[PDB]
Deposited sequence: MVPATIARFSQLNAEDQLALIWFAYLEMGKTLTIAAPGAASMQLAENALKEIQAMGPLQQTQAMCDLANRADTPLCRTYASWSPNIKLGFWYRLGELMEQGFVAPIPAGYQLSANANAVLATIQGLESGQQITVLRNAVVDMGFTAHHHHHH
């Protein structure tokens, strides 16, 4: 199911992908950054609208300096980066998702599948979910 889940995730639109990994992040709680630390500080320094745009840019695979930087990182550093962004959003340092937002049926189906996998399999899916975000020419 891991390759199938990765494949389906890759078909979701950017909004669904980004929403899914947010809710995946929140679920983990119920259970070092190498050269990415600076990028996190850059995002913390942006205003709320620009922070949201930055994260949307990554999921949309837009051509921006942050997206090019992101693309150069290892898979585990990309994961750690998103984890830290999640923490920062929870803490109020980075703009939160829209209030009252509901995960689409399509995204929910994928999230439900992920939650049924073994923990290692879940991380494999999430690692592959974020590895091709940002920009490659």
query: Segments lacking C-alpha coordinates (deposited sequence numbering, starting at 1); finding: 32-40, 147-152
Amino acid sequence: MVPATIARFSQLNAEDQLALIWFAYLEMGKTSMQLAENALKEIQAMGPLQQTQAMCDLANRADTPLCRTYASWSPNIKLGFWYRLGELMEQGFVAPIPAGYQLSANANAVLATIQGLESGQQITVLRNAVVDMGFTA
From here on, numbers count along this sequence of modelled residues.
query: Per the entry, higher mean C-alpha B factor between 67-75 and 94-102; finding: 94-102
query: 107-115 versus 41-49 - which carries the larger mean C-alpha B factor in the record; finding: 107-115
query: Within-chain third of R61 by Cα B-factor, per the entry; finding: middle
query: Among modelled residues of the same chain, the CA temperature factor third for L12; finding: highest
query: Third of chain Cα B-factors occupied by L126; finding: lowest
query: Cα B factor band for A24 (lowest, middle or highest third within the chain); finding: middle
